[PDB]
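Participant: Here is the sequence, then the experimental structure:
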Amino acid sequence: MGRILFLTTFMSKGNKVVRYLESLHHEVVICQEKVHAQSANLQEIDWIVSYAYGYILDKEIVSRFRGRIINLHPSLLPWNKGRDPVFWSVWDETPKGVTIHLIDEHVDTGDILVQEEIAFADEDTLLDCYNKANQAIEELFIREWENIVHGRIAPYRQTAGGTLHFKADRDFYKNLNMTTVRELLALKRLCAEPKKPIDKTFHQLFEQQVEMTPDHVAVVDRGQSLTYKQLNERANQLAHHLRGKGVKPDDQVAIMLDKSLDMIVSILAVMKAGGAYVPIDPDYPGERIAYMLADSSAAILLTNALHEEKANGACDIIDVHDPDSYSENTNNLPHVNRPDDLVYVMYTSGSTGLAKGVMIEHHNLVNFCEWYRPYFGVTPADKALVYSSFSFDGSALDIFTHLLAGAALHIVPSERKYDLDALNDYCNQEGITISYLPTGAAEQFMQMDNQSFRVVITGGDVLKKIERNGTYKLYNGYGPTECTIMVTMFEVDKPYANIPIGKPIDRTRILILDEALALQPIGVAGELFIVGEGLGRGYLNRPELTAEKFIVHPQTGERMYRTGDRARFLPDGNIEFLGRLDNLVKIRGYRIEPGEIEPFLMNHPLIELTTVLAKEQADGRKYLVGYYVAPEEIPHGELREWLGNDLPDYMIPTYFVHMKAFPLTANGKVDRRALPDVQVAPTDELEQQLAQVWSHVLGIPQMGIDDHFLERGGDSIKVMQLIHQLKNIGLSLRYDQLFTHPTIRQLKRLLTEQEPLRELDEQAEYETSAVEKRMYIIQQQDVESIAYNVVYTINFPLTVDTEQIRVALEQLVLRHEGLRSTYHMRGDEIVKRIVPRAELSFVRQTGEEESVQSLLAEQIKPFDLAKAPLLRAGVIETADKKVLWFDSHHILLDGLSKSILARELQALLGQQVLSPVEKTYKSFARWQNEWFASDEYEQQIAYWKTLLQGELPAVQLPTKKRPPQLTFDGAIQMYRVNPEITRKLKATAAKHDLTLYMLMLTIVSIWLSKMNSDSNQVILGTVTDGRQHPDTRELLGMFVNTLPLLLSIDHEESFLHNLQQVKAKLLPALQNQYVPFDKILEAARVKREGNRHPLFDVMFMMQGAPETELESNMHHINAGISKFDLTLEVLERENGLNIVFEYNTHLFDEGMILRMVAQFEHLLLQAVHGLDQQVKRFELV
Ligand SMILES: Nc1nc(=O)c2c([nH]1)NC[C@@H](CNc1ccc(C(=O)N[C@@H](CCC(=O)O)C(=O)O)cc1)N2C=O
Ligand SMILES: Nc1ncnc2c1ncn2[C@@H]1O[C@H](COP(=O)(O)CP(=O)(O)OP(=O)(O)O)[C@@H](O)[C@H]1O
Ligand SMILES: *P(=O)(=O)O[C]C([C])([C])[C]([O])C(=O)[N][C][C]C(=O)[N][C][C][N]C(=O)[C]([N][C]=O)[C]([C])[C]
Ligand SMILES: CC(C)[C@H](N)C(=O)O
Ligand SMILES: [Mg+2]
């Protein structure tokens, strides 16, 4: 009876509730926009029911309707008041449920009417939880509404407590809506602050150690040594003098000495006096020494007579070999330091810009030392090497960690540092048990037969070798100078493709963030941020740069450091290093980390060291150069063949540079900036002309006469491009001929023997293509169907202007006649008309991440093929993103058209000008129709007549009972082939004259065979370009053609043999692909009858890598439709394969399809490793 005002996020929210209320003969007025106290909308309103309402109701509205305002909140109040209640119930691990409550003045604080608990399974994604809760609260309302209107329910006040969250409280977690409950909590453990500080300075701890082990050896240099007591006394003597010369807390004192007893005395003396030491290696270039002394505020300098002159008399010199530099007093100084005072300043390499002084405090170093000693179980019996230059923090590790453990430091002889055979002898002679070595030196030392080491720590660069002649444990540590030596540590227990850098040290946490500084899910790559007790004070005399790299996170408020390193968390907690963010480069349509090639090339027997770099040429294109250290230069073809075993062509360096040894740097890393630069051929006239075409199609500088097309990065798309370019020389080439003559040499002989698309004039009406007719006929049978609608979405940031998007789309309508085309019936002829302008249906909406799928499904509606434009668009704006969507009819937007539609939209959004389109779809339609009357068409159609005349193999799939009629209810599952496996698949195909499509098609056909008790033949469908004329490569319209592939599988033969046979049947099919599908059914004597599709129930489609980034961010949305029993679409994304399993829901449930996917994966893994294995040995289980 009463009139109900319904308030919601959008008009569509809580449709079940609105439907139940109306069934009871309530009048339901829906309002999603803000309501005011004095409003017309509160006219004859008896009840206000709000449900995800985005505005607060004024104090006047609540008092006027007191007792009549009901709200549906999907949380167990008082927990999780305000926005995103379901998300916070999971993240803050609160009681879970849903609540119907009265509305009062404040947010979610009114007395409760009904409350119910709810449980989210560990495997449910947050989107599942959002929907599961909403579903629960809506049902609860429908059950208790009767009790609510009649006022039977006794309201009970809320308990004090609970959390009120706001819109911006979620910003940090915006990327986590697709994770599971188990995954989300897992991320919380790693990336969240806990709920004992450091209260000591290093020399406090050192002095403590001396009283415990006074007579233990502390430092050894060749034959001379000092005990902990002796070292302590002498350092105190120098420290009394230094503090007498004015050294105050935070004061910098330069030290310029060679590794020696004097160096360790000098370091400790500067700490005891109260200052921080600035190490200046005397072997540095004079330019750098002067820079370090000048940029540093150090007034005092400790040095020798030897290196005295290198200071240019700039500082007050204190000679460590002058007796008057040492006081008589041997006692420890009165302590004047605090753990937050500087302990040392070290400078970054002056390569990438200028050298910066890194300021490290006492508590930074103490934290590392106290972690290190128990982590490695360092005892007073251990002996450590002082190997690193004392200008790098690898030295701080050598000296400070082991001095607080009572161990003995061993100055490495200069003459034995670079001679690892000699160093190994010194270590075996003196019993050296643990030390740190930079990665470069570490990898070389692994060849030495060592018996003394117990632990070897390495770091600084990517570890690429672990095989070693020694019984010692190998550790991989990672960290920037800006965070004290190391922040993560990993024990190398077994081989890895990418040796992890491990887990954080004490009082340290690592975060993986995106560019917006928001958390990444576990297993997703982002920028590595460091938090905790390791972060130094900042950069000396560069406070702007310090605030830029030592950021205070805008949401968490914690101080973190931007490392610039790309990294990723593994499921086991270990971190994985993925290179520098700057080293990502696009090579011929693929975004790659060149460092991922090095382990493959290094595995070569004659190659010891490798580094691959990206270099630019005049064109602006990038190319790869693989440098290697080998005894002798290895021929280019041998290295290309070696890598071709595992990598596609685009990941094989175009040039290889041999070198005796790589130029290192003082820290001990390979010097990337110092690597040198780069220093049968066609002889015939036609051969040169062909090489120029190949070099442009494949994006390659020089093409060999015998180079195989597929070996050098060729695929079917570029096969078509090749035929296009050749006709720009008057040379006609057929698709099948490119695969029977895949080299320039074989193509020469074929072309020694042997028409633009003419735009049509203005006409009232134009012919249609064969494919356009079919689409129009299908749509006319079920007039309001949507099985042939195409829907995409693009997640845009909130900064993107909603108007520019709309304007870009409306510009595309003017540009492409297809967007201004309509289809009408003229007698018994389907005919096309073109309008000069057409209004674009564009919609703006505000929704929620949980609701986007629902909001969008409402927009998807049938098209009137006679009304233009045949495309709609809209933007659904959620809290953290703007979701652009557009729904088009398939008669206009095929697969390649989507790539074009994406390329231009990205350019229009980037403020770039597009030259007008040359040709129109009209002209191709007429050209193709008139071509049907030629001899070549009669040839093609004859191939299918003879192929499909005999008995056809009927593939049976393992389905539930088939519906009696053709059904189209569908769902989707997705299987991801990681980059490593995809890289192997592509290499295998090219190595054996196969495209990736050909290989995947064979795995699929075998898969269908195994499910048919190992049948000899299988029949499946596929899709082809349809771009018959070369001048249609940039047009919008439907060209794709559907082809039946009749394949044979010989289970007695090898996988390789079947690949070749499938290739043999595919090429003739593609040779005659330009026959309309309706004519192929007519030629096979088959009609669309029964509950099975004409020729095949399984469809296999494939799409190459995206041409542009905007296309990568396009996501094809499925509105629960399956045109066939089962469709497999392989899409190349993120250097991997996303294989979509679109399936009929009446034939499969989620269970069956998930087991079929697992079987398919298992079959794929066997097939890629089992090239010569007989196909019958492959098993699904
Ligand atoms: N008086 C009242 N009590 C309620 O419990 C209640 C309402 N009104 N109206 C609807 C809904 C609460 N919905 C919302 C939606 C958005 C914000 C909002 O704008 N939050 C801002 C900060 C709010 C402020 O400015 O103080 C934010 O940034 O999150 C608040 C409440 N609700 C029961 O479900
Ligand atoms: N165990 C490890 N594995 C892989 N890379 C590592 C690593 N340890 C360090 N690195 C790399 O080397 C960086 C740390 O080196 P640092 O000693 O801090 C000076 P740098 O950054 O190499 O050059 P710079 O002197 O111009 O600052 C890291 O940011 C990372 O890129
Ligand atoms: P070659 O590498 O051996 O490739 C052989 C092919 C696959 C036959 C090649 O010649 C080819 O034609 N590739 C393009 C085929 C194609 O268009 N795949 C995607 C088709 N998908 C759609 O049309 C969808 N609409 C928009 O995307 C829809 C029908 C699902
Ligand atoms: C120990 C230290 C030298 C660390 N490996 C670094 O990369 O700086
Ligand atoms: Mg650096």
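Facilitator: Yep, it's here. Residues are numbered from 1 along each chain as shown. Ligands and ions are numbered 1, 2, ... in the order given.
Participant: can you map out the strands along the stretch 601-750 of the chain?
Facilitator: Taking DSSP state E, counting those that start in this stretch, the strands of the stretch 601-750 of the chain run over residues 609-616, 622-629, 655-659.
Participant: what do you get for the stretch 351-500 of the chain?
Facilitator: Using DSSP E, counting those that start in this stretch, strands in the stretch 351-500 of the chain cover 357-361, 383-386, 408-411, 434-438, 455-459, 473-478, 488-491.
Participant: Okay, now the sheet partners of the last one, with direction.
Facilitator: If I follow you right, that is strand 488-491. strand 473-478 (antiparallel), strand 503-504 (antiparallel) (DSSP bridges).
Participant: Tell me which residues of that strand come out buried.
Facilitator: Buried residues in strand 488-491, counted by 16 or more other C-beta atoms under 10 Å: 488-490. C-beta coordinates here come from the backbone N, C-alpha and C atoms, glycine included.
Participant: And the second one, by the same measure?
Facilitator: Of all the residues in strand 383-386, those buried under the rule 16+ other C-beta under 10 Å are 383-386.
Participant: hey, which helix is longest across the protein?
Facilitator: helix 126-149 (DSSP state H).
Participant: And for stretch 1162-1174, what's in contact with it?
Facilitator: Stretch 1162-1174 is contacted from outside by 977, 981, 984-985, 988, 992, 1003, 1006-1007, 1010, 1051-1056, 1177-1181, using C-beta atoms under 8 Å, 6 or more residues apart in numbering.
Participant: Against the centre of the chain, work out the most remote residue.
Facilitator: In the chain, counting by C-alpha atoms, centre = their mean, residue 328 sits farthest out from the average C-alpha position, at 63.5 Å.
Participant: My guess is it contacts residue 236. True?
Facilitator: No - here residue 328 does not reach residue 236: they are 10.4 Å apart, not a contact under C-beta atoms under 8 Å.
Participant: what are the ranges of the helices in the stretch 51-200 of the chain?
Facilitator: Along the stretch 51-200 of the chain, counting by DSSP state H, counting those that start in this stretch, helices occupy 59-64, 85-91, 126-149, 181-190.
Participant: And the stretch 201-350 of the chain, by the same measure?
Facilitator: Using DSSP H, counting those that start in this stretch, helices in the stretch 201-350 of the chain cover 202-212, 228-244, 261-273, 286-295.
Participant: First-to-last residue distance for stretch 1010-1024?
Facilitator: 26 Å (C-alpha to C-alpha, to the nearest Å).
Participant: Now do the buried residues in that stretch.
Facilitator: 1010-1012, 1015, 1017-1024.
Participant: Go through those and flag which are in helices.
Facilitator: residue 1010.
Participant: Ligand 1: which of the buried residues of stretch 1010-1024 is nearest?
Facilitator: Comparing the buried residues of stretch 1010-1024 against ligand 1 with C-beta to the nearest ligand atom places residue 1023 closest, at 46.8 Å.
Participant: Against residue 638, how distant is residue 1033?
Facilitator: According to C-beta to C-beta, to the nearest Å, residue 1033 and residue 638 sit 38 Å apart.
Participant: higher neighbour count, these two?
Facilitator: Neighbour totals were compared for residue 1033 and residue 638, and residue 1033 leads with 16 against 11 (other C-beta atoms under 10 Å).
Participant: pretty sure that one contacts residue 727?
Facilitator: No - Residue 1033 lies out of contact with residue 727 (C-beta under 8 Å); the separation is 12.0 Å.
Participant: Tell me who's in contact with residue 849.
Facilitator: By C-beta under 8 Å, 6+ apart, the neighbours of residue 849 are 127, 130, 177, 878-880.
Participant: so which residue of the protein comes closest to ligand 4?
Facilitator: residue 459 (2.8 Å).
Participant: Ligand 4 contacts on the stretch 251-400 of the chain?
Facilitator: 392-394, 397 (C-beta under 6 Å from any ligand atom).
Participant: How many residues are close by residue 157?
Facilitator: Neighbourhood size, residue 157 [other C-beta under 10 Å]: 10.
Participant: surely it meets residue 111?
Facilitator: Yes - applying C-beta under 8 Å as the test, residue 157 and residue 111 come out as touching, 5.2 Å apart.
Participant: in terms of contact count, name the helices or strands touching the top strand by length along the chain.
Facilitator: Longest strand in the chain, counting residues (DSSP state E): strand 559-569. Counting contacts by 3 or more C-beta pairs under 8 Å, 6 or more residues apart in numbering; DSSP states H and E, strand 559-569 packs against strand 508-513, strand 526-532, helix 543-549, strand 550-552, strand 575-580.
Participant: What's the first helix or strand after the second one?
Facilitator: Sequence-wise, the next helix or strand downstream of strand 526-532 (DSSP states H and E) is strand 538-539.
Participant: And ligand 2, is that next one touching that?
Facilitator: No - Strand 538-539 does not reach ligand 2 (C-beta under 6 Å from any ligand atom); its nearest approach is 10.9 Å.
Participant: That strand packs against which elements?
Facilitator: strand 357-361, helix 543-549.
Participant: That one pairs with which strands, parallel or anti?
Facilitator: Assessed with DSSP bridges, strand 538-539 is paired to strand 357-361 (antiparallel).
Participant: what about the nearest residue in space to residue 708 that is not next to it in sequence, neighbour count?
Facilitator: With C-beta to C-beta, 6 or more residues apart in numbering as the criterion, residue 708 has its nearest non-adjacent residue at 5.2 Å, and that residue is residue 742. Counted with other C-beta under 10 Å, the neighbours of residue 742 add up to 19.
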